[PDB]
Amino acid sequence: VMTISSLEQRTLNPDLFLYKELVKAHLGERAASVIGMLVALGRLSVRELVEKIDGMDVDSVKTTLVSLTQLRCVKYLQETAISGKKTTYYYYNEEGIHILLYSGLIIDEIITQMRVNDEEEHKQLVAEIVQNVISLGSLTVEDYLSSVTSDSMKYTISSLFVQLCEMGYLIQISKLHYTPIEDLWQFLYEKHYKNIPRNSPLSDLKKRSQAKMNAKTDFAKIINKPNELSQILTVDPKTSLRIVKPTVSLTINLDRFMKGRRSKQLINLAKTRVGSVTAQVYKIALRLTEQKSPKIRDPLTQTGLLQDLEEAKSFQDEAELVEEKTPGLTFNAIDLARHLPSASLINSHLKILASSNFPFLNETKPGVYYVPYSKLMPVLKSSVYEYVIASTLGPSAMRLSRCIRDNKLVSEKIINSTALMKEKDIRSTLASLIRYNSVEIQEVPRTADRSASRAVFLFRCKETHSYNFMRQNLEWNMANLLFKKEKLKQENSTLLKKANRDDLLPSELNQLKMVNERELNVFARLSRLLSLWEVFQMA
Amino acid sequence: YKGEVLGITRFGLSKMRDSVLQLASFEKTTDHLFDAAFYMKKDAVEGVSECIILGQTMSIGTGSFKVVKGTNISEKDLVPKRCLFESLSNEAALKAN
Amino acid sequence: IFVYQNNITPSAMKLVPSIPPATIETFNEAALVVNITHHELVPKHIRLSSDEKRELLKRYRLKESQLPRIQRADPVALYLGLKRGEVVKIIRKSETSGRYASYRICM
Amino acid sequence: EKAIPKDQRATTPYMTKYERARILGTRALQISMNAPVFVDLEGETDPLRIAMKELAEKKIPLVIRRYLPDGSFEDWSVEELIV
Amino acid sequence: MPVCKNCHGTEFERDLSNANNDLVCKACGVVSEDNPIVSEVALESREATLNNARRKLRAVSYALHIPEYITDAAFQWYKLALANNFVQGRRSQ
Amino acid sequence: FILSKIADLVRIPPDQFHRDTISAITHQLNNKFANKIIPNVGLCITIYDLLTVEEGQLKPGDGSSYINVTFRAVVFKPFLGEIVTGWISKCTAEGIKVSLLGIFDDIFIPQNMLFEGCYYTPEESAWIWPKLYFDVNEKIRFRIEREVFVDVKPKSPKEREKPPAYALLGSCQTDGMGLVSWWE
Amino acid sequence: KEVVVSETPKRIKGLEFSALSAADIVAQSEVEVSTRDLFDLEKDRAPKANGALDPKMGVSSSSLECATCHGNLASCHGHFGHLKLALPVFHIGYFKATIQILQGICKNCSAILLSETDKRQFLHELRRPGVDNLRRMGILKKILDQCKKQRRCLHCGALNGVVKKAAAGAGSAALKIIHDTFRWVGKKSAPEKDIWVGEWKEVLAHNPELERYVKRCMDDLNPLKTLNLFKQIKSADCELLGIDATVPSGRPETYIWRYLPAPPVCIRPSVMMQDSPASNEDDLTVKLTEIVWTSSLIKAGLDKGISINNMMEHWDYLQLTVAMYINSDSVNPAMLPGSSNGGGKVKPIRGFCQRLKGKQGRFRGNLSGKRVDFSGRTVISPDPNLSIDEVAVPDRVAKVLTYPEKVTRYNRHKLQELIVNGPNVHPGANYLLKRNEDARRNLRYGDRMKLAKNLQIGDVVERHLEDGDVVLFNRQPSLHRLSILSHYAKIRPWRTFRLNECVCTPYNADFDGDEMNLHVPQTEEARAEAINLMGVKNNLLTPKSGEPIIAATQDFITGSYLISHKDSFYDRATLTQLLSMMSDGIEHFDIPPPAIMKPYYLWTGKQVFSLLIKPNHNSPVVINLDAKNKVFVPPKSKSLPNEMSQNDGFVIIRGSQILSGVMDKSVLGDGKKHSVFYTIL
Amino acid sequence: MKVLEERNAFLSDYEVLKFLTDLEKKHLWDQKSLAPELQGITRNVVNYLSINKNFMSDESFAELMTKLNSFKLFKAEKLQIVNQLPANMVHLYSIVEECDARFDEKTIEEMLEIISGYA
Amino acid sequence: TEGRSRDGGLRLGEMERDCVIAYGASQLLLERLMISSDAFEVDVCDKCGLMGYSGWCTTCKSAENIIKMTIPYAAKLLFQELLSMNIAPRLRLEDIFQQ
Ligand SMILES: [Zn+2]
Ligand SMILES: [Zn+2]
Ligand SMILES: [Zn+2]
Ligand SMILES: [Zn+2]
């Protein structure tokens, strides 16, 4: 019926769907459909692909596979069973194509390092750098700068140079680095039950906890090995100053893009509940401490290991106090009052830190002006969701959905009491909500076994399902919006390549601005939705 | 036939037979079909009580052997013929390269 | 092979088979009294070799599977200690037209 | 899984009695479509009976194609193969 | 109602003799339908009031020994007089 | 013009069994193709040669003798840029639709490489040039470039034509084009 | 012009089963049922605008055309329809499935609960090429229940108990599914339970009337809940739960109803008007035409009005109809009915799962058991003067029971005559189908003659059933390989199927009042597939014991005995006439020298029976044998053979003469192996 | 049905028209016989292939290759010279890449000379 | 249709049909339970096998990949009465010839 329906393209593709359009909208061709198989069908082996895609065996698979790997679009492992030989298993890389999915706000990450050089081709320079770096995947300043012209100013060219370090940009990607975290927890969970020097036969507990402990502490430096090591930072060659190790291949570490994009959201939450001035103080206050907060890195092994009715807590509370403690000494006791506009006498203007009270910050060593951190984010994140259904379901929806938050599993009779309106409204702004999930239902039978009109109903939250009703936001228009970008490319499909290789006509000029402002809208959307989506996937 | 001793019973024909139309055609009808779809059973059309449904021919019995007529052909008549339009104009492309 | 006496504990069987390069083979003492192959009915069983299989599967031009199967453990199998995917040539005898043989595989 | 050369044959050289079935059937059906007849047609009509009248002479020009189980094909002439 | 696709005949005879049940025209001979496929074997304000009218209708109906016929004859008259809303406010009897 | 190797399934009814094989084969091939056009290659004419005919099968429900062969036949897809005889037959103020006798006119040559100096008349001539117009049925050398393959057979009961199943296009950038006596 | 038409003869390989997706249905259906029922009673009789029955969904009678593709009944196959259905609901066929698919996943974060390599462990096993469907099912039983014994999740941190499918078998709440907390296990502090006991603190202490009275309800998974649960169970596991993810069927979403497709009207034939505009319904159309109602109720509901407690009983009732729709299960667990009830307690409420299921609804009887065409039925009477392998067929049912003939060459001089008879005499045709495949013709047109003077070589005529076509012949509930036989049909008068008695035993037709079935084949080969294969003489034996199943019974035995009797004699008159009566004429007998001579002449009944086997000298029957016919008295062990037993004895045939013995079943009685008929055969 | 080789053997028409002609001698021979429907194309394609020759030869095909093997014409105009624009002036120059360009006098003229061998 | 009165036509039961199987008569059986009773054309789309009328597939507008063929009408009626109920035996296909 009319095909403008747009159901096939719509409903039946969750999760996986985003990827195989992204790569399709990005790499495309055969290079895409492989990942579509790879996500959907799980871990997969080189030969086994060809039994399905019909992709001309060991041709596309190999070529497109490495075509992904330098862009790290796959998770990569190889090993052998006890029989012998060897085999390779794969996955869809991490968040992976995610790197592509932003790439614009990764362009915006200039603004942080943008300081000390403003309104320059130096801007355009480092932009050209990064937009070449992600596109080309792994880079080396030796091969890149080598391809870059000679007879210019080396330490002036490199832009980053002494900057390559910062928090973001790049790190060596080393071997098992992008070997999947979950599985390297298994390989490292060897060596411990694997090596038990016949300690005692009794108490597998002494075998167990020690293993996990050994598994934890040995894992610690594993992610910290790439985190920072001076092999990059320290080197200072002859006739020069401190250099990186351009001998090494590096790739953008998205964790400090996680942190960076996120701290902006922590702002826009704070830029509400305080005054714009002290807000700005909070705005730069993160810039110093936005380094060491694990943030989207802290979940880490929260994936891959069975949780516990206890040990899961001993994992939580560990993340609660940790860096608020040791990096707490890296965190803000007395700031430099870095730049600031406020002016004249600037010090008590700084004492305003206490003006932040609820619902975040506002904890310290007793009376040095300071903020909690590793515990902050947990007591911060949980309350980052804010209004996710405002100007979508109507404001009336908030008040009771907010009310359902305070108490729990509450019945509409007393919802009609605490909250208030003619029931004629509740049965809309509530019932209309439940279709979008959130509230769900509790129900209990009364004076019946279980029946139709023989019981009472209660309403609850289950914020998991709530906080999960917005992962449709992934499948939502990040589904459609990206099509919009693609399926319109066919309007000028013959005109596009004409306009690219031409640099005329009335109708050519006619729809240029049309399709273009069109685009700039579709990516404006993508930026907005992206900014919202920045929350629910982690933190 | 399979190691375990079973069969003849609603449970019996679920011993081996992959055909879910006959396992549908026999005893439990509805839920052989539903179960069959939920696990997306492939069910190649093979046996007799299977084919008589689709009404195609039968694998066993008279339907056991395809029958064919000989063409009585002389492959001496199968050699192509041309005056080699190709061969003459070929040598114009052999130079300057 | 060792044997049980009376009890058989799923504790033991929970992880019994811990040796991939080798195996273990377990009997319950009640199950060994008279050897089954020696009984009356059970016809003589022969375990043909690896390569001896290939000859067979060439005679009838057959893949693996698609054969009459003996479920491992079968009383006979354990006594004869078949492994996964072997072929026991069974020589049976019944007076109909005479003696003959059929083959079974261990699945 | 190709054809098997006629020199080596494992199969019953006699008629399988389904031979007599489908061969007469198909041959008859062809005769019903106005196809030539290779036996002297005595005074008589209708397709099937003249087909019987034909195979009695083993003049039927067909080839029965037997499939072994694996798809190793086969061939036999109708003339060669014996009642 | 259809026409012979050959003779353009305007009249058909069904043929019930030999249990074919043909359908063919005298001037054509061409059939038309062979194989004569032949079968075998809530809550509303107005409709409810119509049911009630049926009940009070049947009730008084046989009481006078009137035809089952004439009642469903007159029930329609009630449905008609409902349209002009003559029947709204006057004693139902 | 050129030759090509295609595989197909020939169905010979019993009738021809008296006639020798290759003749009946070729015959059913012709009754199948002749004028008919195989798409995304371009139309055939006749069946030139024959080869690889093997023992033909017989299906159970019919009894028609079935064979499948492959061979080479005479198609028309000459090449892209080319000059050949033709003329105006059914055409607009835009570039003419050229015609060769008895085969087809599918070829509509637009207005592009065709000489810039021109003026249209509704009478007889399409575009008269600074060198002049041209005649129907007259031998006319024209150049072709692009061909279009569209089958487009969305036969619909709601719909119960658009037949440009095969067509070519071009224009003439050199002289003597559209009228041969300009050159020669 | 004319792009080439390439078509290939094709046959089926396999049936891919699957659930239709959500979207795919409307991607088929022409028109939303949506709307409502009413069948617009106005203007035409139920012209049925949009709604349940819509012309562009299909048609019913031969009345009006089909919209989408018109051409009424014969030419249109029906077309589906789709139903916007507010809120989703369980699917009674996939229900217990849905309890498996939901059984094996932690309902919190909605990821497959089994973990690490052990996931890969099973995954590897499923992909080994030789795996049967049985190994699929069983291995799935082993992979599932690992869930129940996985006592908490892996990366969610939450836990799960067992999901019990509340109550049983009722259909009242039975489709509601409940799963929340097993194993309180005492001293365990469950942070869940903790937050649990803490939640009801705000109700018990608030609205105490419930308190611990109605307590211990666990919680439920609402079907609406279970959708927004399933939609995160995708990729990764996917087929580990048994569903190959080919990315066409969209993973365990479809299995709960969202768009309910409406079957074509040709599945839902509107019953004949049957005398006045009241036009009998069919039951499903009443069902779904109610589903539209109780849906659009909730659709207009839930938008503005109604209420939470006056909602879920509706949407429930929806669940009970849609499952009620496709299966039996729930009948009346005090649920009470909807539109068009009357409250009469009518038990046969369904025309669905049953029509596909048991008895003879369809699957068993109407598909594998198809009722047939070109047939006949009649009582029976013997006709022994008729040979074996014929059936006397009463011509009055021969006139209407026809066999097609493609008139070819040889066939003309019969057939271009055979029409001119016309089918009110016996040896003629009735229908005629010319070469141009138009429709067909018959007698009622007159003409013929000049018509029959054309008769091209491809034309099809339909003969009456002549003398010697191939009739296959059947008895009763058919015990074994011998019921269906063929016979060369022979057309006689009176009216009944007259077989030859020697074939009484395979049918065990007693004559009496029993009834046979005639089936003519149609395609020109099926004849040769009956008479030449399945025929009498080739089935003369029986498949089970390899035993003659057709022989003399009753009269034919005992009559032979009286001629077989040592006491009897015959004279050249009586003999000669017998031997003539034995084959009605037609044959050449060489009278053997008379058994006894001089006092007159006589031939012994043994001889006059010998000639039965070997009438001429040119018949190639040379036999020999020996046997014991029953009631065999022993001789004295004095007698070396059993030959000399007092009342005959061995029937011993040599040189194809009978030497000694009365016959009497045994030798000529089908039962034992050593039989004159069996040996000769 | 399945197409094994799409572009296979470039076939010009020199004796190909003679091949259609021999095919026509087989069945129905064009016009005069007394004195399949396929015949429609026969009379058609035979038409222009015959007339521009008049407004043919056989062994000239063998005479055709002689100096024709000495050029850069590739396969395109190399077959094209055989029929259309019988190798004269700017006609032959109007098609093939670098038709005059590099090679001029005897190259374009001896085209007029060789066609005098046939035409 | 059943019995006399209505009309005629007779009954091969699940019990009886086996008989002609034991003989091994294929073309007879197919000549009985197929041609003689309900002979019916269906247009199936090779891609995503489903039934369609005349030209169209209607799940994917095509009138192209569809192949005509014949089939017992009861069998179609089962493909709908099934496919109405949510399930789809989607038909694969293959050509008869070339093995
Ligand atoms: Zn007519
Ligand atoms: Zn229609
Ligand atoms: Zn979980
Ligand atoms: Zn399709």
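Residues numbered from 1 in each chain as written, not as in the entry; some residues may be left out. Chains lettered and ligands numbered in written order. Part of a larger assembly, values for the part shown. Heavy atoms only, no water. Residues with missing side-chain atoms left out of burial classes, pairs and counts.

- As summarised from the PDB record, the model derives from cryo-EM at a stated resolution of 4.1 Å.

### Some details on the environment of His-192 of chain A
All names here are of chain A.
- Positionally, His-192 belongs in the loop between α11 (181-189) and α12 (204-227).
- The class for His-192 is buried, based on a relative accessible area of 12%.
- Taking the C-alpha atoms as reference points, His-192 and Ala-215, 23 residues apart in sequence, are found 7.6 Å from one another.
- With near-sequence residues (within four places) excluded, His-192 lies in contact with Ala-211, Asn-214, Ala-215 and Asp-218. (Helix = DSSP H or I, 4+ residues; strand = E, 2+ residues; numbered from the N terminus. Buried < 20%, exposed > 50% of the residue type's maximum accessible area, 1.4 Å probe, protein only. Contact = heavy atoms within 4.5 Å.)

### Description of empty space enclosed by the protein
Residue and element names in this part refer to chain A.
- A volume near 280 Å³ is recorded for the largest cavity.
- In terms of lining residues, the largest cavity is bounded by 23 residues, among which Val-281, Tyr-282, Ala-285, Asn-332 and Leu-353 are the most central.
- At seven residues, the largest contribution of residues to the lining of the largest cavity is made by helix α15 (residues 276-289).
- Among the residues making up the lining of the largest cavity, the classes are represented as 17 nonpolar, four polar and two charged. (1 Å grid on protein atoms, 1.4 Å probe; cavity = no way out; pocket = protein on both sides within 12 Å on 5 of 7 lines; lining within 4 Å. Points joined across faces, edges and corners; volume = space filled by probe spheres on them. Nonpolar A, V, L, I, M, F, W, Y, C, P; charged D, E, K, R; others polar.)

### What to know about the coordination of the zinc ion (ligand 1)
All names here are of chain E.
- Those protein atoms acting as donors to the zinc ion (ligand 1) are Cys-4 (SG), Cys-7 (SG) and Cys-25 (SG), and they sit at 2.2 to 2.3 Å.
- Written as a sequence motif, the donor residues of the zinc ion (ligand 1) are C-x2-C-x17-C. Taken together, the residues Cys-4 in the segment before β1 (13-15) and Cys-25 in the loop between β2 (22-24) and α1 (45-63) connect sequence positions 21 residues apart.
- For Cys-4, a relative accessible area of 3% translates into the label buried. (Donors = N, O, S within 2.8 Å, 3.2 Å for Na, K, Ca; no water.)

### A look at the coordination of the zinc ion (ligand 3)
Residue and element names in this part refer to chain G.
- Coordination sphere of the zinc ion (ligand 3), protein contribution only: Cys-106 (SG), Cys-109 (SG), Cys-153 (SG) and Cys-156 (SG), at 2.2 to 2.3 Å.
- Considering all four donor atoms around the zinc ion (ligand 3), angles at the metal cover 81 to 138 degrees and the coordination shape is irregular.
- Between the donor residues of the zinc ion (ligand 3), the gaps in sequence give the motif C-x2-C-x43-C-x2-C. Here the residue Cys-109 occupies a position in the loop between α3 (92-103) and α4 (116-126), and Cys-156 occupies one in the loop between α5 (133-145) and β2 (177-178), the gap between them amounting to 47 residues.
- Residue classification places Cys-109 among the partly exposed residues on the basis of a relative accessible area of 26%.
- When its relative accessible area of 23% is taken as the criterion, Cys-156 is described as partly exposed. (Tetrahedral: all angles 85-135°; square planar, octahedral: opposite > 155°, others 65-115°.)

### Focus on the sheet that holds strand β1 (residues 67-69) of chain B
- Strand order in the open sheet formed by seven strands is β2(D)-β1(D)-β1(B)-β2(F)-β3(F)-β1(F)-β1(H), and the pairing between neighbours is antiparallel. This sheet does not close on itself; its edge strands, each paired only once, are β2 (76-77) of chain D together with β1 (3-9) of chain H.
- The strands touched by helix α1 (residues 21-32) of chain F are β1 (3-12) and β3 (65-74) of chain F; relative to β1 of chain F, the strand with the most contacts, the crossing angle is about 105 degrees. (Pairing = 2+ DSSP bridges. Axes fitted to C-alpha atoms, helices over the stretch in contact; angles between N-to-C directions.)

### As for the side chain of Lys-606 of chain G
All names here are of chain G.
- Position of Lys-606 relative to the elements: it lies in helix α18 (residues 605-613).
- Summary of buried charges: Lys-606 has no salt-bridge partner, and the nearest side chain of opposite charge, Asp-648, is 4.0 Å away.
- Those residues in contact with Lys-606 that lie beyond four places of it in its chain are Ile-563, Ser-564, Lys-566, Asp-648, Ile-658, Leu-659, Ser-660, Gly-661 and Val-662. (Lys, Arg positive; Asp, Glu negative; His and termini not counted. Salt bridge = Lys/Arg side-chain N within 4 Å of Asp/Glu carboxyl O.)

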